[PDB]
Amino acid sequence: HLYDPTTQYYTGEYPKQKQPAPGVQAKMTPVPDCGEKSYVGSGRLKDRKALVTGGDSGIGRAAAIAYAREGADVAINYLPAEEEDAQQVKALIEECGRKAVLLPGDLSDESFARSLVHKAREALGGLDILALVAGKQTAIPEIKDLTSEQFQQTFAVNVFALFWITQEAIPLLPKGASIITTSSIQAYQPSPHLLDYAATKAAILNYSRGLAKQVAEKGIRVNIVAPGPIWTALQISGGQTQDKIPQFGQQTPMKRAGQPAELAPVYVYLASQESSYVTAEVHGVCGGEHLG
């Protein structure tokens, strides 16, 4: 029973729609499909313990759902404004028979970002998967309109918090632990309206590779997922200009945007012990708008 991947998910134009960042995905048209009805596990992460940032919505939610479906207990971080989305994820994790831990807070607060790993490990009784998916993205077509405050904040959420969290995690992660970070096609093909954001995506990719090299001897793997155009709240809450929303994703070879569901399998592959010889590698999921 083979499906055509070009028509498997929504292929129509997206309604124009806007929300204040970071957005509530439950309010979108359509709501992003994060695999709630479709993802089926096979115990590839049995009794693993995961922290997922951005686990309330979008790609991080797809990873959180799949991780629970594969047998892991899951802590999610997200912003308080996203509590309604986070509560849906709590229910999805618990329905898998797993433990859900909800740890809201702002990753641009260094002390919060540092405390998070320890709170999650205590609540879960361990920690051996980190999926760092949270991100800020604000489209600004002309550099004269790009403020210092925005530029620095994008780096704080996307790069500095990645350092703060991983620095706290390394000493406590067991041999076999897996860290998955989140870059973008933008790391390779930066758009002129995402000067700060695309540069953070490049920094994430590079930092992840350097960290991988440094911690390989501790038995810890660090890998990167770089999605292409995925239908998510990040894109309707300022990540794209409003005029780009209707045809979002249609320029890819597959002629549609991805849904977050389609990211879960690679997050599972990388978390799983099956990817034992994989570290420092980036994985594209871009509808043919390929990395390189």
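A residue's number is simply how far along the shown sequence it sits, counting from 1.
Participant: Got a sec? Mean C-alpha B-factor, which is higher, 35-43 or 220-228?
Facilitator: Averaging CA B-factors over each stretch, the winner is 35-43.
Participant: Per the entry, where is the mean C-alpha temperature factor higher: 4-12 or 282-290?
Facilitator: According to the entry, 4-12 carries the higher average C-alpha B-factor.
Participant: In this PDB entry, which of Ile180, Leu92, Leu194, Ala169 has the top CA B-factor?
Facilitator: Within the set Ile180, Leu92, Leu194, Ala169, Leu92 shows the top C-alpha B-factor.
Participant: Whose CA atom has the top B-factor in the entry, of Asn77, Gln189, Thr147, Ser208?
Facilitator: Among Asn77, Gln189, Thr147, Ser208, the PDB entry lists the largest C-alpha B-factor for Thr147.
Participant: Taking the C-alpha B-factors as the PDB entry records them, is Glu70 in the lowest, middle or highest third of its chain?
Facilitator: Answer is middle: the recorded C-alpha B-factor places it there.
Participant: Which third, lowest, middle or highest, does the C-alpha temperature factor of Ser272 belong to within its own chain?
Facilitator: Answer is lowest: the recorded C-alpha B-factor places it there.
Participant: What third of its chain's C-alpha B-factors does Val266 belong to: lowest, middle or highest?
Facilitator: For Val266, the deposited C-alpha B-factor lands in the lowest third.
Participant: Quick check on the deposited entry: does the C-alpha B-factor of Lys201 sit in the lowest, middle or highest third of its chain?
Facilitator: Its C-alpha B-factor, which the entry lists for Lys201, ranks in the lowest third among residues of this chain.
Participant: Is the Cα B-factor recorded for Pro253 in the lowest, middle or highest third of its chain?
Facilitator: Middle third by C-alpha B-factor.
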